[PDB]
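Have a look at the structure below before the remarks.
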Protein chains: 2
Amino acid sequence: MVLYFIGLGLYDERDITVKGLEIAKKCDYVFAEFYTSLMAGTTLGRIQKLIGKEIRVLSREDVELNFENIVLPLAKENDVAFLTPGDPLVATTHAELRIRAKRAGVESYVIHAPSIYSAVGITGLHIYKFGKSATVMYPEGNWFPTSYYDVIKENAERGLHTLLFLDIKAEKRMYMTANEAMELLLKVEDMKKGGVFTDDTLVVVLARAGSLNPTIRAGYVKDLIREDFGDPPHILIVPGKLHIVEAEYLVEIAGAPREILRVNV
Amino acid sequence: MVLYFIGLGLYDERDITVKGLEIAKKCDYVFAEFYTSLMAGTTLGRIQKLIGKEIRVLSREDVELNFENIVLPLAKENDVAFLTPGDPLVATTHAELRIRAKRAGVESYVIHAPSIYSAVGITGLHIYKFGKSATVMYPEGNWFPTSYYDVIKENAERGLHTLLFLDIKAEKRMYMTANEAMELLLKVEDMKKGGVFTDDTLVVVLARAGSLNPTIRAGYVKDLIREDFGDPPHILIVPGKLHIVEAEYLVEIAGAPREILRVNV
Ligand SMILES: Nc1ncnc2c1ncn2[C@@H]1O[C@H](CSCC[C@H](N)C(=O)O)[C@@H](O)[C@H]1O
């Protein structure tokens, strides 16, 4: 008896690691959640087909409130897996579920899978130069979140890049676009006026990482804010000071304006 | 006419994704490099047997000096794969290779795989709280580099965690251990007196991420500096102030002392 947290990867069902597939195939019960991220290139059926097991999908409430009532009981008598998009423990609160497993006497194992957190490397930006990350959250009611704006400011002060995860309302099938996140940011800048995010800010958009042809675009907010980046999911990145080879790659691979080649050192 | 950058993942031959494996099997020629890092849980023979293709290994000079003369020519009239440990393009210099492909008129696609950059999610530390990353380098001769110490200081200053890659002599298969990294940083502390890394600093050690049995340990330097964390590779993390949920994961899963619950939160 054991519980496995198995990541499914960035885009489709083949983004699972071979390790994860052969372990998932021999589990007695398989559960999964698809609310922490969007795998735009597959379906439940295709995943079930690949793993050869029926998958029961859990909602945020089933997990956050009933994980120990729905999943853990089986794991005491059987080999159980819990599948998630990307890497199970990245920008989720799933790590705490391991604590629940322990206090229920269930041993758990983690099988990693490609994550958007490291897949940003395809933007050409040096991974080590990424600072603190943040999430753009949809304003709801009279509440307008803005903390992600300060993260950008503090990273950019240090010359660090900022990775911006975008909001998701899976049960409403709403996936925030980079365009939406740019609009939100311009609005917070008119409030705070820190010169952090303007029409002239260089940004990078990565859409559907993991697919064979993801959309990778770099340019000024004024030029990109109304551009079509294709289907979700999307992440937005606000680079800090660029190394020359970073700029080179943004121009050659992501279609950035030639002039960012001229780095002001 | 196509070059595929395929990641092999964290630890053994099963850490490659299903997508990467299937694509590698259909490639006419398969290259790989093991200088940016090593796949400590497997061998080149086991990877070859899994892919069912002979793998020509390239040195760092083969790649950096002659990538366009060794790999790209074949990719003009064949499907070629270039394998690398972890996630492709996380290593600083690899992105550039895609520009070389473009220049040579060769199509390139990136197949992602788990990277230690994202796998540290398994320490229970929130991914978004990681700041700039650094590598602890072995000093030698009259050269004692210490920038990695500076990186810790300005992340922790901002309440951020610091991911520290450890030095490696890929070709001699010599891995720097977390213990050596800790002693070094105490050495740098004695040099710089910044109050950044001392006996009382809380650290996290992650060894053999990707394995089903990785070592995850958290505690104060005075206690962990001579502890055996098992076979390489080792990764060292100097956490910033912890969220209570991070601290209880470290206590419950990483064997951290209860003391962190009131000293580091
Ligand atoms: N393939 C992909 N392409 C672009 N953005 C992606 C993505 N997968 C995830 N994201 C981003 O991350 C958000 C979910 S955050 C959860 C991330 C997941 N554990 C992982 O390891 O990737 C999405 O709303 C989106 O902004």
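The values are calculated or read from the model by the stated rules, or taken from the named source; no laboratory instrument gave them. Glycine also receives a Cβ, built like all others from the backbone with ideal geometry; neighbour counts cover every protein chain displayed.
The conditions are (1) among the aliphatic types (A, V, I, L, M); (2) more than 10 Å from the ligand (Cβ to nearest atom); (3) farther than 30 Å from B:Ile23 by Cβ; (4) surrounded by 19 or more Cβ atoms within 10 Å (Cβ to Cβ), and A:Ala218 fails exactly one of them. Which is it?
Every condition holds for A:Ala218 apart from (3).
Going through segment B:87-134 one residue at a time, which ones are within 15 Å of the chain's Cα centre (by Cα), part of a loop (DSSP other than H, G, I, E, B) and either of a type in the set (A, V, I, L, M, F, W, C) or away from the ligand (no atom under 12 Å from the Cβ) (or both)?
Matches in segment B:87-134: B:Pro88, B:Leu89, B:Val90, B:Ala91, B:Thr92, B:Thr93, B:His94, B:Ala113, B:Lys132, B:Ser133.
Are there any pairs with C-beta distances below 6 angstrom linking a residue in segment A:98-115 that is within 17 Å of B:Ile216 (Cβ to Cβ) and within 7 Å of chain B (Cβ to nearest Cβ) to a residue that is outside any loop (DSSP other than H, G, I, E, B) and of a type in the set (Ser, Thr, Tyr), with the two at least 6 apart or on different chains, and if so which?
What qualifies is A:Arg98/A:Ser108; A:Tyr109/A:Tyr4.
Looking at segment A:198-210 only, could you name the residues that are assigned to a loop (DSSP other than H, G, I, E, B) and within 16 Å of the ligand (Cβ to nearest atom)?
A:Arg208, A:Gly210
Only one of (1) away from the ligand (no atom under 16 Å from the Cβ); (2) within 14 Å of chain B (Cβ to nearest Cβ); (3) over 23 Å from B:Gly124 (Cβ atoms); (4) buried (at least 18 other Cβ atoms within 10 Å of the Cβ) is not met by A:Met39, so which one is it?
(1)
Counting only residues that are among the polar types (S, T, N, Q) and farther than 27 Å from B:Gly159 by Cβ, which one in segment A:154-197 is farthest from the ligand (Cβ to nearest atom)?
Here the residue is A:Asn179.
Select from segment B:212-265 the residues that are of a type in the set (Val, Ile, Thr) and either within 23 Å of the chain's Cα centre (by Cα) or outside the structural domain of B:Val120 (by CATH) (or both) and write down the one among them that is nearest to A:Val2 (Cα to Cα).
Top of the filtered list is B:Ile253.
Name every residue in segment A:117-135 that is in contact (Cβ under 8 Å) with a residue 24 or more places away in the chain and either at the interface with another protein chain (Cβ under 7 Å from one of its Cβ atoms) or surrounded by fewer than 24 Cβ atoms within 10 Å (Cβ to Cβ) (or both), in order of residue number.
Selection gives A:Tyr117, A:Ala119, A:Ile122, A:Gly124, A:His126, A:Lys129, A:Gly131, A:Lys132, A:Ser133, A:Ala134, A:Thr135.
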